[PDB]
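Engineer: Line by line, the protein sequences give chains B and A.
According to PDB author numbering, the first sequence is numbered sequentially starting from 1.
According to PDB author numbering, the second sequence is numbered sequentially starting from 401.
C-beta atoms are modelled at their ideal positions from N, C-alpha and C, and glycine is treated no differently.
After the structure tokens below, expect a handful of questions from me.
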Amino acid sequence: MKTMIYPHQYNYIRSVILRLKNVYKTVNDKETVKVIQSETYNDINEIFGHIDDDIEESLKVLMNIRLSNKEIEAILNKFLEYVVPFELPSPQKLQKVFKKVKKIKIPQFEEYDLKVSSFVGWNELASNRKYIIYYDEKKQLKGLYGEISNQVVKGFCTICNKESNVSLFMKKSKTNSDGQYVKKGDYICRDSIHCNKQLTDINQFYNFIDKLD
Amino acid sequence: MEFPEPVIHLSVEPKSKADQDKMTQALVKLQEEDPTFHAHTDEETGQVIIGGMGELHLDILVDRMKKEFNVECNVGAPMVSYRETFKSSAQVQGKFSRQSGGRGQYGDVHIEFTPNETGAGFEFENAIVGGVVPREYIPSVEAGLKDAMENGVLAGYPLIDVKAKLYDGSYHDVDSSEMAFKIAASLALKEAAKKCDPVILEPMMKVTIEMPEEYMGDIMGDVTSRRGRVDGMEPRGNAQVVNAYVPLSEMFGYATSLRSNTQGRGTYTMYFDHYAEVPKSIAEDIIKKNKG
Ligand SMILES: [Zn+2]
């Protein structure tokens, strides 16, 4: 009867560990550590309406100050049971979306990365464009492409809304009958993989798409 | 046995802003002295990252810093840096006509600009008219307009980058000189300043305060003395999460004072909150430096 389909929740679980794991190293106090522990514990707890014995046991391990990376690995691997990874679209499905893009091919990603990524966006340094493919709420494959600046600066991307090496994703609207359109570029993290692991909320990414057109 | 040590990166964060200038100046002379290493001012978790071959090579470098440049820094530290700028919308006129070198030069353009600091921006639209006729001639002028722009303004930051629309222009047939075009951009930027009103800069940044309680009257007072606006304030055992926000990104001495005030038991996290303006004093400082 165990069934859940929310990649964002799984990503969020591993993301809240940052305010805690970092505190286990940067914070030279014990009270602040306990405060963050309470947050992290409640954060994951609020997700699982019905926590099981193992989930509770795993949460108990997270409460330990000596939370090694191996302990986390075991816990994360156990949480994967309540979720599902991403899927790589076949050439026929890809060409079905990118009908105007001939000779297009998705790079071979890693299995681990495909378990923590909700959207695949690779950059092509041929014409300076990034191709982003994902799945919407209707379980349909949707993909788009936009120009990228030949420079890597630091900024706040609209997607994960964090701080990392970013760039620009320029996209134009659908050209009307007159041949007119509107241009709209936004800041995007160059490495979509590193950005995927920073996806606090999928709605943040969905909002970005809502701003692209 | 040999020591297989290739490239190693070390962070060398300075003490104050004076040391920052010293470091920047040091990087210049040092890189010219020995081009066998690299130094960058970006990274993900640092201020000044230096990378070279061999750990001994690194020691020689840090030695020069404190011994020759007398810069106070700490090897192996984390840090960050930002700076935002944009506000208002309007239509700017750009005209440049001169003849100070035998040949004549003329530039006439009409552009409209709008803000887009929401999660960041960066866009220059083209209307396929004005100084362009052919279809494949539109990306040329649009990219060219940004080339000059990046030479007068700053691009590539948290919540920045303008969104303009090229809707008109007049060129006819004249000579194109870089210096003449670059100086023209500066002139138009000046004309737009008094018209569009350039303020706001860095918006309101929310900061979650975390530190032991029992000093509510002291802690809160120190926060208000930093122009902090408190939204939440819930305790947890001995400490308390004071969900606040201060219109200022980064940590311009904020961490230094906080560290001392909490004895090294106080932390926070900055995040974009709302479209507001930074401290008038700091805002006018950077706007003055940018015009100096
Ligand atoms: Zn990102």
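Using CA coordinates, which residue listed in B/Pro107, B/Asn77, B/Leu144 is at the minimum distance from B/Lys96?
Structural biologist: Of B/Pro107, B/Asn77, B/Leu144, the residue nearest in Cα terms is B/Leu144.
Engineer: When burial is assigned at 16 or more other CB atoms within 10 Å of the CB, is A/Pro435 buried or exposed?
Structural biologist: Result: exposed.
Engineer: When Cβ atoms are compared, which residues of the region 542 to 564 of chain A fall closer than 9 angstroms to chain B?
Structural biologist: Within the region 542 to 564 of chain A, the residues whose Cβ lies closer than 9 angstroms to some Cβ of chain B are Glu542, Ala555, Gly556, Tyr557, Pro558, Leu559, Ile560, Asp561, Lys563, listed in chain order.
Engineer: Closest Cβ-Cβ distance between A/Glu610 and chain B: below 8 angstroms?
Structural biologist: Output row for A/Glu610: interface = yes.
Engineer: Can residue 218 of chain B be considered in contact with ligand 1, in the sense that its beta carbon sits closer than 7 angstroms to one or more heavy atoms?
Structural biologist: Because chain B here runs from 1 to 213, residue 218 of chain B falls outside it and cannot be looked at.
Engineer: Determine the direct distance from the alpha carbon of A/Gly519 to that of B/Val61, and round the result to whole angstroms.
Structural biologist: Using only the alpha carbons, I get a separation of about 36 angstroms.
Engineer: Among A/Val642, A/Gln447, A/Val623, A/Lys417, whose alpha-carbon lies nearest the alpha-carbon of A/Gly632?
Structural biologist: Of A/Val642, A/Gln447, A/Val623, A/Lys417, the residue nearest in Cα terms is A/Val642.
Engineer: Pull up the distance between the alpha-carbon of A/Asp575 and that of A/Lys495, whole angstroms please.
Structural biologist: One C-alpha to the other measures close to 14 angstroms.
Engineer: With respect to the beta strand (DSSP E) encompassing A/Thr445, which residues constitute its N-terminal and C-terminal limits?
Structural biologist: Counting along the chain, A/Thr445 falls outside any beta strand (DSSP E), and DSSP gives it neither H nor E.
Engineer: Quickly, what does DSSP pair A/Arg629 with across the bridge? List them, please.
Structural biologist: Paired residues: A/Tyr645.
Engineer: Please classify B/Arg190: is it buried, with 16 or more other beta-carbons within 10 angstroms of its beta-carbon, or exposed?
Structural biologist: Result: buried.
Engineer: Flag B/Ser164 as yes when its Cβ comes closer than 7 angstroms to any non-hydrogen atom of ligand 1, and as no otherwise.
Structural biologist: True, at least one ligand heavy atom lies under 7 angstroms from that Cβ.
Engineer: Give me the Cα-Cα distance between A/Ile538 and A/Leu545, rounded to the nearest whole angstrom.
Structural biologist: Their Cα atoms are separated by approximately 11 angstroms.
Engineer: Are the Cβ atoms of A/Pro679 and A/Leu648 separated by less than 8 angstroms?
Structural biologist: The answer is yes: Cβ separation under 8 angstroms.
Engineer: How big is the Cα-Cα spacing for B/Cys157 and A/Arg464?
Structural biologist: Their Cα atoms are separated by approximately 38 angstroms.
Engineer: If you run the structure through DSSP and keep just helix, strand and coil, what is B/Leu199?
Structural biologist: In this structure, B/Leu199 counts as coil in the three-state DSSP scheme.
Engineer: Going by the beta-carbon positions, is the gap between residue 704 of chain A and A/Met605 smaller than 8 angstroms?
Structural biologist: As shown, chain A starts at 401 and ends at 692. That puts residue 704 of chain A outside it, with no answer to give.
Engineer: So B/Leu199 contacts chain A; which residues on that side make the cut at Cβ distance below 8 angstroms?
Structural biologist: The contacting residues do not exist; B/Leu199 stays about 14 angstroms from chain A at best.
Engineer: Interface residues of chain A around B/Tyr24 at Cβ under 7 angstroms?
Structural biologist: Chain A residues near B/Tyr24: none, gap ~13 angstroms exceeds 7 angstroms.
Engineer: For the beta strand (DSSP E) containing A/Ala490, name the first residue and the last one.
Structural biologist: Per DSSP, A/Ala490 belongs to the beta strand (DSSP E) from 490 to 498.
Engineer: Which value, in whole angstroms, describes the spacing of the CA atoms of A/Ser489 and A/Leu601?
Structural biologist: So the two alpha carbons sit approximately 14 angstroms from each other.
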